[PDB]
């Protein structure tokens, strides 16, 4: 009997957790492993160190049929150890369930480990607030066994179905926010249901491996030493989160570059409304699709250190390199940050947000406010901040 470990995720957070799982087990050079991590390319010089390592593409949050080609290489008795994105768990496991049903005597499912995509799960559960959660769980289970038996996916509550895997297999869930499940009242049937099967996502796994495995992990995540060392200086650190353009009544891109510099100045300058203090080392996390706007900010801000697109907040949290403060333009990414680290989040104008009021009704914002992670005074609409000088 062979165990085969499958690592599947179209997003980022589950993949980061699963690359950590691989890193921890990396002394084992031959354990059969199948990677379907859409955002991460494992280096050739890492791959050639392993035997029985496979790669599968995901198309619409589901591995392609090349997955069966891989499994066929393993005749005889197999048990599958599967790691999944929670939000997409139904689509992701699909081909796995289909393969199992053609080999019921040979192939079983050993364990599922599921991790949060991010804020999405929480924003989705909020939509389920006026339902009888207890009866929703019971139906989801019946519809899950029907999916296992026939392959027919039809869930009355796709969101709740993400949390019923235990009706069928051993499962361990890893949550960004266990407080949400323990404090959201409509969710109590679910909390008591998940019983011994959930845990708070751990961010300290990195601190416990060998220095070689740490290096290995930094490599898996594409974290160059240059940026890492800069994030290690012994000084207060602040990250400004950048953006592109917004509804500012102009196609003049320069205007958006100048205004973001003014928003940064509100954190950076003693005269600014959001002043963080004179002793903070400043960093910049520009929008990936920032281009030349990232260029102006970088060239017109004083000693600001740029952080490249691949080093996400999730990457910093996994390696313990998250700065002391994070502030700037709003992104759902702020959902993952510990409370003590969030300073101010500023929302620019678009179709969904035309004011602070609208900003407070943003989905991920509403759940952070419910959780006590940010106060409404930390939420700011962009044009409420004055223009600061130059000197």
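Residue numbers count along the first chain shown, from 1.
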*Going by the B-factors listed in the PDB entry, is the mean over the C-alpha atoms higher for 113 to 121 or for 200 to 208?*
200 to 208
_Stretch with the greater mean C-alpha B-factor as recorded in the entry, comparing 358 to 366 against 344 to 352_ = 344 to 352
*Please work out which residue in 72, 128, 156, 141 has the highest C-alpha B-factor recorded for this crystal structure.*
72
_According to the Cα B-factor stored in this entry, which of the following is highest: 91, 299, 85, 167?_
299
*residue 81, C-alpha B-factor rank within chain (lowest, middle or highest third)*: lowest
*Would you please rank residue 246 by its C-alpha temperature factor against the other modelled residues of its chain and give the third it falls in: lowest, middle or highest?*
highest
*Of the three thirds of its chain by CA temperature factor, lowest, middle or highest, which one includes residue 276?*
middle
_Please place residue 270 in the lowest, middle or highest third of its chain according to the CA B-factor in the PDB entry._
highest
*Give the position of residue 133 by CA B-factor within its chain, expressed as the lowest, middle or highest third.*
lowest
